[PDB]
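Next up: just one chain, as structure tokens, the form deposited in one PDB entry.
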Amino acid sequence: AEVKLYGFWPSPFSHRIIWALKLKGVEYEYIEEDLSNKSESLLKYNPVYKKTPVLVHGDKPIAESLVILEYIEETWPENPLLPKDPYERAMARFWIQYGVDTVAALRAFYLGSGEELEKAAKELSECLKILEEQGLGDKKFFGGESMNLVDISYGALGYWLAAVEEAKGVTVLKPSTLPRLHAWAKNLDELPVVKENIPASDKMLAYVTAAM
């Protein structure tokens, strides 16, 4: 294995990299890290952040899921996950950067209780409406007719958010309020490259339930 991926099973940050590698057809060794007892390999390869995911290519480490994704795209350029046009590439990177705001809104929802949960749900819905209207639009994928790095970055809005929503008893990504984004997430969830490379729904639900 010339490519190694140090990951954490329930983490969308790790799943992102799995999906990219499989869309590129890159053969890799997956190594599961116990975040409570981090291996010497993980600490050696990611001294700055000491966390997963880390991609190691020819014993050279790349940390941070967004940086890893760009590395995969540049290193294996066939089956492109970014477009050719600089402006279109900038729009992909813009919506990936908006993912930082989205992660923050997801976090708040994930940690909310009571009236706080309600508020967090509302703010997450507002965040996703902007993503839907101004990012996805009427396209089947953020990548147009096929997946790009933006689709990969937001894939957790399907399986992962759905598990959090079930645990919380509050659904934010719903068909009546976000019909295009919901259809996008459902289609993505049904793609074999996604469905084969996420945890089973009951394990996913049990994990987010406990970590609450």
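Residue indices: 1-based, along the sequence shown.
Only in words, not in the display: the form deposited with a small molecule bound, which the text now covers.
In the deposited bound form, the small molecule lies farther than 4.5 Å from every heavy atom of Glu70. Interface residue remark: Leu35 is counted as part of the site for the small molecule in the deposited bound form, having a heavy atom within 4.5 Å. Among heavy atoms of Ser153, none comes within 4.5 Å of the small molecule in the deposited bound form. Shown alone here, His182 lies farther than 4.5 Å from the small molecule in the deposited bound form, counting heavy atoms only. Across the options 184-192, 20-28, 5-13, 197-205, residues that bring heavy atoms within 4.5 Å of the small molecule in the deposited bound form belong to 5-13.
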